[PDB]
There are 2 protein chains.
Amino acid sequence: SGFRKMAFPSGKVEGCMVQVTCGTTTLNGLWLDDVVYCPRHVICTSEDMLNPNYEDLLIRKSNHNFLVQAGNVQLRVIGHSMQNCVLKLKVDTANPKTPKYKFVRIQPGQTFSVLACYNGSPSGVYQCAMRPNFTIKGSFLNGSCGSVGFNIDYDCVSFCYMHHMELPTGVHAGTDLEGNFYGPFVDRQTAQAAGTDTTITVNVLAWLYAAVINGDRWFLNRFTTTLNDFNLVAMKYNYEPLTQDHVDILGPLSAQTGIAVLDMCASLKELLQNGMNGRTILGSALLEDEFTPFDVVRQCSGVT
Amino acid sequence: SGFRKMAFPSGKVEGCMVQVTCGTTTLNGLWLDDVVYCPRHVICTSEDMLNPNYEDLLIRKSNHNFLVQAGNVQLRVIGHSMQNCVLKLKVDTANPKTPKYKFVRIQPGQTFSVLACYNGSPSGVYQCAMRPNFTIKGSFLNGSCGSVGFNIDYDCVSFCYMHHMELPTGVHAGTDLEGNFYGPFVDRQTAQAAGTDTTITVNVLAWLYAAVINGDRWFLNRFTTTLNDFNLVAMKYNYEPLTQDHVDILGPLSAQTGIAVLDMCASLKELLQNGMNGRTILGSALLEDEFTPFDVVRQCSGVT
Ligand SMILES: CN(C(=O)Cc1cccc(Cl)c1)c1cncc2ccccc12
Ligand SMILES: CN(C(=O)Cc1cccc(Cl)c1)c1cncc2ccccc12
């Protein structure tokens, strides 16, 4: 019993972290096989960040300008290339600690763990969701760029995020491991609109199922609703509209609890219209949307 | 910016996890140097747990009855001894992945990370606090016994908790690494009173300082209070009384923000008396007490 915002064990990722330095800028890199991946803005000075011409900036750099250090040992850089907003530094040594891995582009509303790093050294691990507006509400300070987000399935690490930037609003933006930003962001020091965010409806429903499994049941009511009726409410409260694809992924939780998905939607509808009345659900006084249906089943039934 | 319930990177601990099996019972063990540590109830069957005579049960066991497997490789057990509620299985091989470590008994109100494990395999990591009543509000299923709690300071893992039991109320109890339970608990299947819990006042104040550092400031008011006045309020709301030792550990956060500790106590006093009025602080609608003053400074200013 109990329900926590749980991250994947970070060991497999810790073994991949390196420090990358170019000129006077230092950030984190990810060393997998014989390639180190890092944000391309490692080649910028503060003066360059207003509007960097990354192609021109990178032309001034040679392999020997990228200093890559794995703990205390130095990696020899034998090639460099820019792919979208990431640099890929070919090194002469395959990382002996490379886990089985994949690069994936996650969908908005999915979750992942972040290993925050500074100077190539891991500092902490936390779980978060990719917001519907493609920002993440992380915890990152200067020096965290190049930290990565990931999911783990048995022995395979699926890397989905590399941290690049903190927006003026304090939320975070980054790329997949091919250097493509999530969302409309560009790697330059300008104010950039994130756009309207929404609450991840299917995750709130998943977490209400987690609450019932863990014994918090005060919010279950005698009502039901339809997808159309529930979606009128979701619109009013800035929640994502629920689709049959979301109902389908909630099937396992619906079977575990015996609570039909539309009956749980009626409980969520009443919580949205009445609030929590000073009560709590799984130690929260707000409706939580950072647990997917897969996360809930993994945490409530077991997976290692 | 941002503020998350961050755990230490778990890699150093993942390397220590093993599976321990005795008869038909399997749980987790911690392999440090040439010793594996695990809950002594690995020697019990379900019939024994009502009131086990651990001494008599252990006398029936020999070294060859404890099966210890580190991933896929088997460890040879060459000695066994019970210390309080833990077993210590001497093995013929020092764990090559043993990090620098210490065993510490944490104080109530302190925090630590938990690496939840099943069958010696790490499944997730989360941060939590040792409650003032010596329980932890973890997330653990059957098979999680032997999972450990820890803190990391640079390269040293300080192990503070080993998971033993879930109480009928769904909260958790365990021991230090010398097998001494935190709190009044005994390792037997009986209903056991945890006793009145309280909110960790100094951590709530630390988290209000984290909120101000991150830009959530709506709760700052034009008031101040005294320790005596604040403590009348803390009593009414079941918070721990604040002492000068707590004020002293809040000094760094008070200097960082320029907000005198007693002025922050007046903000906490008003939040306790008026509630949050439908507002949030650091994405929470409740007052958070699982961040110590050390945690806040580590997360807001940096430490790897
Ligand atoms: C280094 N950094 C940047 O945003 C730098 C940057 C500025 C502009 C564009 C890009 Cl692509 C990168 C940061 C990242 N995360 C969190 C930060 C907290 C405080 C200070 C800077 C933080
Ligand atoms: C295995 N276990 C025990 O409490 C066993 C036990 C029972 C009685 C006393 C002791 Cl010392 C141990 C558990 C631990 N954590 C969480 C649990 C969730 C569900 C089912 C059991 C869980």
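Atoms within a ligand are numbered from 1 in the order they appear, just like the ligands themselves. Just the heavy atoms: all of them, side chains too, but no hydrogens, waters or symmetry mates, feed the values below. Numbered from 1 within each chain, the chains take letters A, B, ... in sequence-line order.
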* **A:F103 six-ring face occupied by A:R105 cation (under 6.0 Å, within 45°)** => no

* Using a distance-only test with no angle check, is there a side-chain donor-acceptor pair under 3.5 angstrom linking A:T26 and A:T21? -> yes

May I have a table of the N/O to N/O pairs between ligand 1 and the protein that fall below 3.5 Å, each row giving the two atom names and the distance to 0.1 Å?
| from | atom 1 | to | atom 2 | distance (Å) |
| --- | --- | --- | --- | --- |
| ligand 1 | 4 (O) | A:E166 | N | 3.1 |
| ligand 1 | 15 (N) | A:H163 | NE2 | 2.8 |

* **Test item: side-chain donor near acceptor, B:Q83 and B:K88, under 3.5 Å** => yes

* To do: Run the salt-bridge test on B:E290 and B:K137 with the 4.0 Å N-O cut-off and return the result as yes or no.
  => no

* Write out all pairs satisfying ring-ring contact (aromatic ring centres under 6.0 Å, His included) with one or both partners inside residues 176-196 of chain A, taking only residues at least two apart or from two chains. => A:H164-A:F181

* Could A:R131 and A:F134 be counted as a cation-pi pair, given that NZ or CZ must be under 6.0 Å from the ring centre and within 45° of the axis? -> no

